[PDB]
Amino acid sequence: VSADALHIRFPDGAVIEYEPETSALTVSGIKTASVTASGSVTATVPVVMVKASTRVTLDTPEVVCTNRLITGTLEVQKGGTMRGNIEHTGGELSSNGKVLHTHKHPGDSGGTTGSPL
C-alpha cells in the first residue's frame, strides 16, 4: 500500500523506479514498450517531449492540434484545405513552377505584364 519509493531492477539491466525526492517515475533500459487499451490514453502535464531519433508515426485517421502546429519543413502528400490568412515570406511559393510573388503573364496588347504590384 504505502511504499517509501519504488525500485524494480530486471536481469536484462532495465529498471522501473519512482523516486519521491525528485518526484520522478522512470522506466529505462528496455527495448520495447507497448500499451493496448480499448478506451483512451491521456497525459495531463505541461510539457510532453518525444525524442525519437528515427521517426514518430501517428497512424490515425486524424491528428488534431488544437492551437498552433510549428514544423521545420512540411510535406503534404494528397492535398488539403486552408482557411484564414496564410502569410508566406522568405523564399518562393510556387505551383507547377509558377511563383506567386514574381510571376508575369502575356499582356493583352502582345507584350508581357510586370510582376505583381
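The first residue of the sequence shown is number 1, and the count goes up from there.
S.K.: Reading the B-factor column of the entry, which of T36, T32, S28, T71 has the highest value at its C-alpha atom?
M.R.: When the deposited C-alpha B-factors of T36, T32, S28, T71 are compared, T36 is largest.
S.K.: Which third, lowest, middle or highest, does the CA B-factor of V48 fall in along this chain?
M.R.: Its C-alpha B-factor, which the entry lists for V48, ranks in the middle third among residues of this chain.
S.K.: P11: which third of its chain by C-alpha temperature factor?
M.R.: It falls in the middle third of the chain.
S.K.: Comparing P106 with the other modelled residues of its chain, is its CA B-factor in the lowest, middle or highest third?
M.R.: Bottom third by C-alpha B-factor.
S.K.: Within this chain, which third does the Cα B-factor at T22 fall in: lowest, middle or highest?
M.R.: Highest third - that is where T22 ends up once the chain's C-alpha B-factors are sorted.
S.K.: Please place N96 in the lowest, middle or highest third of its chain according to the CA B-factor in the PDB entry.
M.R.: Its C-alpha B-factor belongs to the middle third of this chain's values.
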